[PDB]
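Working notes, beginning with the structure itself.
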Ligand SMILES: *C(=O)CCCC[C@@H]1SC[C@@H]2NC(=O)N[C@@H]21
Ligand SMILES: [Mn+2]
Ligand SMILES: [Mn+2]
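Protein chains in written order, with the authors' numbering: chain E, 469 to 486, 494 to 511; chain D, 2 to 485, 496 to 514, 540 to 616; chain C, 3 to 514, 527 to 617; chain B, 338 to 471.
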C-alpha cells in the first residue's frame, strides 16, 4: 500500500485505502479514484 | 566469316517460357516477315510440340507442320528429334523411326537436329541414315553436360563418330546452360580441328553466360548460332536474335540481318505472349543454380506448370535438390529429354512420398535395365536393386529388342485414322491419340480455352475486399461506421438502412490546371503548344446549373492537354499542363 | 583478377521498381552482403535521395547511417551528378563542398561523379572536395553515340579526369549503347592513355552488356558492376552471379562464393514481390535502342505522355523528331535531364506542325549555356528562333551562383535540426519543408504498399459496380450518386458524392467459409480414403490400366493399377494384403491423390 | 494561444489536442481554431485560439486575464499559457509601463514552475494499483 512510484525523473509517495472506488494519497494529498 | 542465324521462336521459345502452349493461329500472321529475314533456318516443329498440340491444344501436329510449311516457303524448316525416342519418352522400333522421318520430310521438314539424352550414338544411327536416305539435312547433336566423367575430348570423339555416320552439320546442344565461355572456345576449337563440318551452337541462357559463350564460339570459327526473337528470349530461352545480330554488325562475322525487321517481329510476339499469361512461371529467369541441378530450359516452365496443376509449386526448391542426387544414382546421364523428365519425375515422387525410391516410375526401371542406353558412368547398385531387384541390365542398342510394329499399329487404328500421319500420331501416344482421333472425327474436340486476364470475379470473391467497419469524413466531421436492408452503426448507434440500386494524372506542377469542383467540360479554348498568359480563359466547365471559365494560374506554354469536350472531371485531376 | 561492385541497394531497384525499396528490406541481408568480397556496394545517391523523401517519407541521411553501420567491412559507393548533386539544378560551390563533406562524414567511401553533358568543368569542385576529404573519387565518362563521340573523344575526357586527380575512371553506359566491339577498343585506348583502374557500368537493356563486359575484362578492365540476380538484367545490370561464374577458372577469377550470392539473391527475390505495383510494363530485353538509338524507357515515358493526351498515334513522328532535336542541341547524351527536354520539345514541334515555333523553357536554358557545354555545336538558327540574340553564357554555370549556405540555413531556422536537414532542403526546398515539418511533428505517413490480390478484385468489378442509389430511412429517401476512385489508394482516395443533386467530397479510411475439406468425397465425387487399405496415387494423372477385378485376393506389393503422371507410367501396388472390396476407377479416368482408387480389406 | 513550448525556445508543439474545455463566464471571448480532438497540422502557424479578456479596468482585467488563462484547459500539446501567466504576474507589466524590449529585457519569464501533468499522475496511480493487484 505505502508505495513509492518513480515515474519520469520524479518519485511520488502513494498510500491507498479500501467499479468501486479507492481513496488515494499522493504525497499526503488524498482523493477519490474510480476504476473500470 | 559470316555467321548464319537460326531462330527458335516457333518451338523452343514458347516451350521454354510458356509451357509449349503457343497456338499455330498466333504464328501465321508474322510468318511472311520471318520468311523475309535471312534466317539460316526456323525451328518450327519437334521437341514437346507434338505432345502439347495433341494433349492440350487439341490440334493435329501434322496440320501445324503443313501450315507452317506453306507460310514459310523460302525458309528451311528445322525440327528437333530425340533419336529412337523420336518425339516421345521411350525408344521406338526402327520401322516407326523410318516411317516418321519419311512423313516429316514429305510434309515439310528440311533440317533434322537429332540428339540422344545418353549420348549413346547407337541410338541416333537409324534416324540419321533415314534422314540421309530421304535426301534431307542431318544435324547430329552432342548434348552437352558436365560431370566427373565428361570432358572436351569425350565430346570431340562423339563429333567424329557423328561425322563418320554422314552428318552435314554438328550441333552443340547446351540444354541447361552449363557451358562457360572458356570451355566453349576450347571445345569449338578442338572440334574445328577434329571435324570438317560446320558447327551449330544452341546455348540456353539460364546461367547468364550464353551470350558470352556465343562470342567465344564465333571467335573460334562457329558457323551457325541459335537465338530467339527478343520477346521470347533470355533466361530459360536462348539469347535474343537481335542482340546477336547487333553484336556482329561491322565485324568479319557480320550477319546480313535487318535488325529493324527483327524488332517488328519481336513486337508482334510481345503482343501475342500476353494471351499466355497463365503459363508464365517464376522460374524462367537467370538462375545460376542451374549449373548444378542441371534442369534444361525447355523443361522448366513445363515442370513448373506441372507442379502448379498438382498444387505443389512450393516444393520446387526440394525437387531441384533431389534432381542431381537421382542423376548421380543413374550414372550422370546428360539431363535432356527424356532422361530429364525421368529423373525429374522420379525426384518429384521421392519428395512427395517422403522416401527415396519407395515409388519408382516404369521408365526409371527401363532406364536401370539398359533400355535407354549406356549410362556414361556406373549406376548405384542399391538403387537398381530397390527399383529393379536382381534383374538384368541389357547392354545392346535397346531397339534391337523391338519388333517391327507399323503394320500392327495400322490395324489397331483401322476406322479412326484418316491417314498414315494419323497412324504415326497413334504410335507416339496410342492411348491419347485414340481419344483425340475419336474426338476429332466426331467434331467434338474441346481445347482448354485461354483465360481472360481480367474476367469479372465472382460475387463471393468481391466480399473479402469489402469493409465491415470504417471512418467516413463528411463536411469536416468524421463518423465511425460499422455495417452488417443493411443494419448500420454510426458512432455506436445502429440504424436499419435500405438501398435501391439504379441501372488521369494528378498535378505535379503548379502549372497543372485544375478545377476545384467536379463537373463536365463544355469547351477547351486551347490547342497543344499555345503560348498563354495568366488570366486567359483556358477551359469552360458545367457545374451547379451553370457554365464558367477556368483561367490560367501561370504564364507560358501549353505542354499537354489531358481533357476533351464532354469529359467529366474531378478536382484531383490535372486537365492541362503549362510550362512557366 | 577482376573486382565486382553490386548495385542492388541503389541502381537495381531504381531501374526495376521505381526506386521504392525500403531500408527495412535492406538490413536483414546486410551481414551477408558484407561477407561476400565485393569491391564496393552502391548504397546511396542517384534517385534514392529524392525517392526516400518524396514517397517513402524517410530521411535519406538515416538510410546512409544505417547502411554504414550494417555494412562495416564493405566500402559504400554513391552516385553524384557533379554540380547537380542529387538534384535538379546546378548548386553553388559552397553547397557541393558541404554536401560531399556530410556524405563522407556519414559513411560514403567512393564517389562516382558524372555529368550528363560530359562538361567536365561541372565535376571539378566535387572531385577536389572528395579528394580534400580523403575519399575515393571515381570520375565518370557518361557514354553515348553520335557523330562527335568516338573513342578519342572519351579518352581525352579520361585524361582530363586523371589530371583533376581521380583514383579511378568509370564508363557509365546508362542506356545500354555499348557494343562489345567498341567496349574492347575503348578500354584498350583508355589503358594506354591513363594509368588508372577502370570501372565498367553497363546496363543490360540491349542484350549486349554481358558480351561487352567480356571484351572489357579481356582488354584489362579492373572493376565491373553487376546486380544480384533477383534484380538483374534488362533495365538493370548483368547478374552478379553470372559474371562470377564466367570468370571462375580464368586468370580473371573473382574470388567470389557464388552460393553465398545465390542465398542473397533468394532473399531479394522474396522482397521484390512486395513491390509488384512499381514493376515496369516493359520487362527484359528492349532491343529498340538498337533501331535508331532512342533509349528504351525514353519511349515508355514518351508513350505514357501521349496516351494521357489521347495522342499515341503520333509516336512514330516524335521518334523521328527526337534525333533531329538532339542534333539541333549538339548531340548531348539523352539521360535525365536532357532526355525529357528533347522529348517534350519534339512532341511540341510535331503537334505545332513547325520546328521551334514553341519552345520549352528548359530548352531555352539549355541553349543559354545554363546546363553546360553541348558536346557538339548547337544549331545557330534554332538558338536564334528560341533564344534570339540573348546571352549564351560560356562559363561554368556555377560561376553565376553566390554562396548560398548561410542563406539557406536562415530560410530553415526552426525546422532543420541539423546541417543534414539544411542540405536536404537545398536539394528540394518546397518538398523538404513539408517533410521536415511532418517529421518534427511525428506525423510522417509513407504511402502504404498495396496487396496484389486485393487491388485486382476491386478493379475487375470497377466498370460493373453500381453508383446511382436511392437510400431510404426515417421516412425519407435520398437519391445518391457516387463518382471517382476508391480502388487506387482508397485510404488516400476520396469519393465525390451527390445527395439529391448536392455534391460533397467524402473520405474513407478502412478498418476492415462454407468450404469443406471435412467431407468424405473429393471434388470428383469419388471417396477420400476412410482407412489404410484404400489405395491412392501421390500425384494426379490418367489411369492406363486396372489390373484387378471387383473381387480378387491380393498380397502387398501386387501391381494393382497403372497411371500416367507427369507423362510417366507408374504401377500403383497394394499397401495391404487381403481382398479387393471395391474399385472406383476405370481406364481413362483422371484422378487425384486424395481420391481412393480401390479399397482392400486386410489380412 | 499558440501551440509552442516556451521552455524550449518556443519550438512548435504540433500534434493532437486530447482534451479541451473552453473558458467562460463574464469578460471572456474565445476565437478558436482548435476543438476537442483536433490534430494541429504542422504546415501552418501555431495559433490554436485567440483568448480575449475584458473588464471595467486595468486592475480587474489583469486578474481576469490570469483567470481566463487557467480557465482555458488544453491537453495534448504544450501551450504559451504558462508563459503568459508569468507576464501577468510581473510587476512592471501590472504597473502598466512597458515597451517592445520588455520580453527581451526579462528572460526570467520562461524559467517558471511547470505543474506536473495530470496525465502523468494518472499513470503513477495506475502503477500503484498494478503493484497492489498481483
Ligand atoms: C507434356 O506433354 C508437357 C511436355 C512434357 C515435358 C517436357 S518435354 C521436353 C522437356 N524435356 C523434359 O525432360 N521435360 C520437358
Ligand atoms: Mn533447346
Ligand atoms: Mn546506372
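Quick reminder that beta carbons are idealized off the backbone N, C-alpha and C, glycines included.
- residue 95 (chain C) Cβ short of 7 angstroms to ligand 3 heavy atom set: Taking non-hydrogen atoms of ligand 3 into account, the C-beta of residue 95 (chain C) is found less than 7 angstroms away from none of them.
Query raised in the report: Exposed or buried, residue 582 (chain D), counting other C-beta atoms within 10 Å across all chains shown (16 or more means buried)?
Result: If you draw a 10 Å sphere on the C-beta of residue 582 (chain D), you find fewer than 16 other C-beta atoms in it, and that means exposed.
Quiz prompt | Contact belief for residue 6 (chain C) with residue 242 (chain C) at Cβ below 8 angstroms, rounded distance in angstroms | solution = By a beta-carbon distance limit of 8 angstroms, residue 6 (chain C) contacts residue 242 (chain C). Their separation comes to about 6 angstroms.
**Asked** For residue 54 (chain D), does the three-state DSSP call read helix, strand or coil?
**Response** Three-state DSSP puts residue 54 (chain D) in a helix.
Cβ-Cβ separation, residue 180 (chain D) to residue 159 (chain D) (assumed contact under 8 angstroms), whole Å:
Beta-carbon to beta-carbon, residue 159 (chain D) and residue 180 (chain D) are separated by about 16 angstroms, too far to satisfy the 8 angstroms threshold.
Distance, Cα to Cα, residue 12 (chain C) vs residue 265 (chain D)?
-> Each residue's alpha carbon lies about 33 angstroms from the other.
Item to complete: State yes or no: is the C-beta of residue 176 (chain C) nearer than 7 angstroms to some heavy atom of ligand 3?
Response: Flag set: Cβ of residue 176 (chain C) near ligand 3.
- Item | Interface flag, residue 505 (chain E) vs chain B, CB-CB below 8 angstroms | For residue 505 (chain E), not one C-beta of chain B is nearer than 8 angstroms to its own C-beta.
Can you give me the C-alpha to C-alpha distance between residue 325 (chain D) and residue 253 (chain C), rounded to a whole angstrom? Cα atoms of residue 325 (chain D) and residue 253 (chain C): separation of roughly 29 angstroms, rounded to the nearest angstrom.
Counting C-beta neighbours from all protein chains within 10 Å, is the total for residue 240 (chain C) 16 or more, i.e. buried, or is it exposed?
Flag for residue 240 (chain C) reads buried.
Query raised in the report: Taking the C-alpha atoms as reference points, what is the distance between residue 521 (chain C) and residue 386 (chain D)?
Result: The residue list of chain C ends a segment at 514 and starts the next at 527, so residue 521 (chain C) has no coordinates to report.
Can you tell me where the alpha helix (DSSP H) holding residue 350 (chain C) begins and where it ends? DSSP places residue 350 (chain C) in the uninterrupted alpha helix (DSSP H) bounded by 340 to 354.
Exercise. Kindly indicate the opening and closing residues of the alpha helix (DSSP H) around residue 422 (chain D).
Key: Here the alpha helix (DSSP H) through residue 422 (chain D) covers 421 to 429.
TODO: Would you give the residue range spanned by the beta strand (DSSP E) that residue 582 (chain D) belongs to?
DONE: Counted as a single uninterrupted DSSP element, the beta strand (DSSP E) harbouring residue 582 (chain D) occupies residues 582 to 587.
Reducing DSSP to helix, strand and coil, say where residue 457 (chain C) ends up.
Residue state, collapsed to three classes: helix.
**Prompt:** For residue 505 (chain C) versus residue 484 (chain C), is the C-beta distance shorter than 8 angstroms?
**Reply:** Result no, Cβ atoms of residue 505 (chain C) and residue 484 (chain C) do not sit closer than 8 angstroms.
What would DSSP say about residue 485 (chain E), mapped onto helix, strand or coil?
Of the three classes helix, strand and coil, the one that applies to residue 485 (chain E) here is strand, per DSSP.
Practice problem: State yes or no: is the beta carbon of residue 272 (chain C) nearer than 8 angstroms to at least one beta carbon in chain D? | Solution: Using a Cβ-Cβ cut-off of 8 angstroms, residue 272 (chain C) does not count as an interface residue toward chain D, since no Cβ of chain D sits closer than that to its own.
Would you say the beta carbon of residue 227 (chain D) comes nearer than 7 angstroms to a heavy atom of ligand 1?
-> Residue 227 (chain D) Cβ: outside cutoff for every heavy atom of ligand 1.
Is residue 117 (chain C) near ligand 4, with its Cβ less than 7 angstroms from a heavy atom? Here the bound small molecules are ligand 1, ligand 2 and ligand 3; ligand 4 is not part of this structure.
* To do: Output yes or no for whether 8 angstroms exceeds the beta carbon distance between residue 310 (chain C) and residue 335 (chain D).
  => Cβ atoms of residue 310 (chain C) and residue 335 (chain D): not closer than 8 angstroms.
query = Can you name the residues of chain B whose CB is closer than 7 angstroms to the CB of residue 443 (chain C)?
reply = Annotation: Cβ neighbours of residue 443 (chain C) in chain B (cutoff 7 angstroms, chain order): 351, 352, 379.
* Helix, strand or coil: how does DSSP classify residue 326 (chain C) here? -> If DSSP states are grouped into helix, strand and coil, residue 326 (chain C) belongs with the helices.
query: Exposed or buried, residue 442 (chain C), counting other C-beta atoms within 10 Å across all chains shown (16 or more means buried)?
result: Buried is the call here.
- Message: Quick check: what's the CA-CA separation for residue 225 (chain C) versus residue 21 (chain D)?
- Response: Rounded to whole angstroms, residue 225 (chain C) to residue 21 (chain D) spans 41 angstroms at the Cα level.
Under the criterion of a Cβ to heavy atom distance below 7 angstroms, does residue 21 (chain D) qualify as lining ligand 1?
Taking non-hydrogen atoms of ligand 1 into account, the C-beta of residue 21 (chain D) is found less than 7 angstroms away from one of them.
Residue of B:460, B:417, B:437, B:436 minimising C-alpha distance to residue 447 (chain B):
For residue 447 (chain B), the nearest C-alpha among the options comes from B:417.
Worksheet item: What in chain E is Cβ-close to residue 465 (chain B), meaning under 7 angstroms?
Response: Those are 471, 473, 482, 484, listed as they occur along chain E.
Practice problem: Please go through the same chain and pick out, in chain order, the residues whose beta-carbon is closer than 6 angstroms to the beta-carbon of residue 49 (chain D), but skip the five residues on each side of it. | Solution: Hits under 6 angstroms: 16, 21.
**Report entry** Cβ separation of residue 77 (chain D) and residue 116 (chain D), assumed to be a contact under 8 angstroms, to the nearest whole Å
**Finding:** In this structure residue 77 (chain D) is not in contact with residue 116 (chain D), their Cβ atoms being roughly 19 angstroms apart against a cut-off of 8 angstroms.
- Item | Classification of residue 395 (chain B) by the beta-carbon crowding that lies within 10 angstroms, buried from 16 upward | Classification of residue 395 (chain B): exposed, given that the 10 Å Cβ count is below 16.
_Please report the straight-line C-alpha distance between residue 139 (chain D) and residue 435 (chain D), rounded to a whole angstrom._
Each residue's alpha carbon lies about 31 angstroms from the other.
Check your understanding: Should residue 514 (chain C) be counted as a contact of ligand 1 given a C-beta to heavy atom distance under 7 angstroms?
Key -> No, since every heavy atom of ligand 1 falls outside the 7 angstroms radius drawn around the Cβ of residue 514 (chain C).
### Neighbouring residues, chain C, relative to residue 243 (chain D) (Cβ below 9 angstroms)
Chain C residues near residue 243 (chain D): 208, 209, 287, 289, 292, 293.
Inter-stretch contact (C-beta, 8 angstroms, three-pair minimum) for the segment 376 to 396 of chain D and the segment 603 to 617 of chain C: The segment 376 to 396 of chain D makes no contact with the segment 603 to 617 of chain C, as fewer than three CB pairs between them are under 8 angstroms.
Does the Cβ of residue 429 (chain D) lie closer than 7 angstroms to at least one heavy atom of ligand 1? The answer is no for residue 429 (chain D).
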